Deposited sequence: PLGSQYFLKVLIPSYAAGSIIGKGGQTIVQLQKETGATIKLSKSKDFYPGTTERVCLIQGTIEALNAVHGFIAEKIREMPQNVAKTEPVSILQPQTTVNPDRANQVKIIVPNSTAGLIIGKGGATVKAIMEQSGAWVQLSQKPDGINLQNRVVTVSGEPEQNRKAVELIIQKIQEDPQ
């Protein structure tokens, strides 16, 4: 199948639930989806964050499926707040360009399409961070549109 990349950010508390004991959960997920998934090592954060990186390679549908499973795990946290309803994605600068559009018309449309709140990082690597927030179903739809833009691009 036509393969695409999706890079998503993983809060440290969420990583163990993703990989699983012995790696059983991340292996089973790769098996079920066909996607290849690799995490950064534990203290290997994305510049400017406390978050590990998840590189996923697969069909569009696998990308979407794998993301949702990450979001489900992220939704479960309670160590003893805003981050439980966030998604963060790392996109190439050219696809961020496409996510934004002329005078920001595409991101407005993406937010109007979803019920999600979508931001990007300004211009501080040739990647930008896309932050999506809203309820689960809003975020999912937003993430679907974003993967659609990842798909629509000669990178």
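- Coordinate coverage of the deposited sequence is interrupted at 1-2, 83-99, 144-147, where no C-alpha atom was modelled.
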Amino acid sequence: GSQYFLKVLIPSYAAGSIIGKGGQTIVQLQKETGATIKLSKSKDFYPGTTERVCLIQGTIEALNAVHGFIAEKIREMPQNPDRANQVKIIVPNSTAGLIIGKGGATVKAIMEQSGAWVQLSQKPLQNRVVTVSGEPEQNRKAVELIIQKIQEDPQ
From here on, numbers count along this sequence of modelled residues.
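- Averaged over Cα atoms, the B-factor as recorded in the entry is higher for 59-67 than for the other of 59-67 and 22-30.
- Of the two stretches examined, 111-119 and 34-42, the record assigns the greater average C-alpha temperature factor to 111-119.
- Among all modelled residues in its chain, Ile147 ranks in the lowest third by Cα B-factor.
- Looking at the C-alpha B-factors along this chain, the one for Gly97 belongs to the lowest third.
- In the deposited entry, the Cα temperature factor of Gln86 places it in the lowest third of its chain's modelled residues.
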